[PDB]
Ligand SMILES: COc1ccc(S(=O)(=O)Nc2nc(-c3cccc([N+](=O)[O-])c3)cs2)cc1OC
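One chain follows as structure tokens, the form solved without the ligand.
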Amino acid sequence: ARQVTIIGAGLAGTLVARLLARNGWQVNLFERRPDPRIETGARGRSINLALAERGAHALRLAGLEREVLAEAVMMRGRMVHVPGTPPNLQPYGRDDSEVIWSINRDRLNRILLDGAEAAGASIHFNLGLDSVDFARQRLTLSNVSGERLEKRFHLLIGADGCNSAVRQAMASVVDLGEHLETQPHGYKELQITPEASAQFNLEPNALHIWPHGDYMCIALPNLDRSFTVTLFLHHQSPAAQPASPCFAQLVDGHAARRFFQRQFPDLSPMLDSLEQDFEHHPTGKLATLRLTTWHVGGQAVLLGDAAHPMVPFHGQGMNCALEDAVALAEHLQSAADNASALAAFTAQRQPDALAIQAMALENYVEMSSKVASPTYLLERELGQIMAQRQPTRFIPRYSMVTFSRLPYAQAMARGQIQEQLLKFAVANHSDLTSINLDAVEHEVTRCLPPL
């Protein structure tokens, strides 16, 4: 009676499992990793994520928001660390009282798994999808230890991440028209201990950034006052500058230390285990991957990172994946057949995914310049003034993405109109006093309707 098989008990897969099982679907969820709810003496290396209104609202629909927020650290603003000034807290939003939540990935995953099982989903861990035969609707799963399993499916949901095996298998039965846009930046995950964070008075209730042009660090807080730090830096040196910093040069921990002490002097002292973490934590790859479609008939569909890998510079990948899960469950529950459901899900979500993929790419330059043209600065100055005058019409794209549930595609479209307005108003002006705010405001209401 309405059967579904989900590959990937990650963020999207576990949430859609709950929503469907809730609705009376027979749900089986297969996961390559062990069950994180089985307590061990290990301590999780806390990947932590920014949870925004979008993501929170998706959890709210599933009745899990309260539980997740109880284990999330409130970030009331962005702490920018740049040389020559003390830490600069930029309160989020307008009233200076919007927030973003920092949630440990594993804690969130545990809560979602309990939610799925509570709803009736059956979860099987330590089983990795190897292949799919779409003519027989058969799956082949394996473990590096315990071995081989063949299973039929009725409907298959690929929630199996940026390297989706389901996506790989689908490419045969439909042209996905995939295009990968590789990212010159890699990333490295590092840690600040509770001890060091207190010693240097690092603010727990904020998102911290250390901008440095073509490379940067960010840090998100944990409940225990530790911070998870991410370094974004080129894999290799580029043609135009063959000796600029990159991972290729940082051949060991001592090299990494030299790099931090020079380029991030206030951060380095806080990274006690920099050498170890650097050598034992693998260097991550970033990329944007776009598909023309996310489903094969009514047989299988992709969502979350499986459907739309994006660069992490907007902190929205998880948020988008949770939104996807809600949308997929809604379509599966209102459709003439599964094929129509999957096509309608794709038509709804694919434009939104394209929009956040593009917006995330652009968000990099915003975070990490702190070298900005006076034109860019004047544009920002003007945009804040416009938001003040017309709070209902002019909403900074970042706020639309982060603090509202307006569809990504709409946020991009309005952001584009706002961008045009500002640039034409600011062009060939040295400063703000030459700008006629009245003329500019007139254009905001002309070109920008209320939501």
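Sequential numbering from 1, following the sequence displayed.
Another form exists, deposited with the ligand bound; not displayed. Remarks below refer to it.
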{"property": "In the bound PDB entry, residue 422 touching the ligand (heavy atom, 4.5 Å)", "result": "yes"}
{"property": "Partner contact for residue 376 in the bound PDB entry: the ligand, 4.5 angstroms, heavy atom", "result": "yes"}
{"property": "Residue 205 within 4.5 Å of the ligand in the bound PDB entry, heavy atoms", "result": "no"}
{"property": "4.5 Å heavy atom contact, residue 151 and the ligand in the bound PDB entry", "result": "no"}
{"property": "380, 138, 258, 225 - the one with a heavy atom within 4.5 Å of the ligand in the bound PDB entry", "result": "380"}
{"property": "The single option of 114, 330, 279, 362 touching the ligand in the bound PDB entry, heavy atom within 4.5 Å", "result": "362"}
{"property": "Neighbours of the ligand in the bound PDB entry among 398 to 430 [non-hydrogen atom within 4.5 angstroms]", "result": "398, 415, 418, 419, 422"}
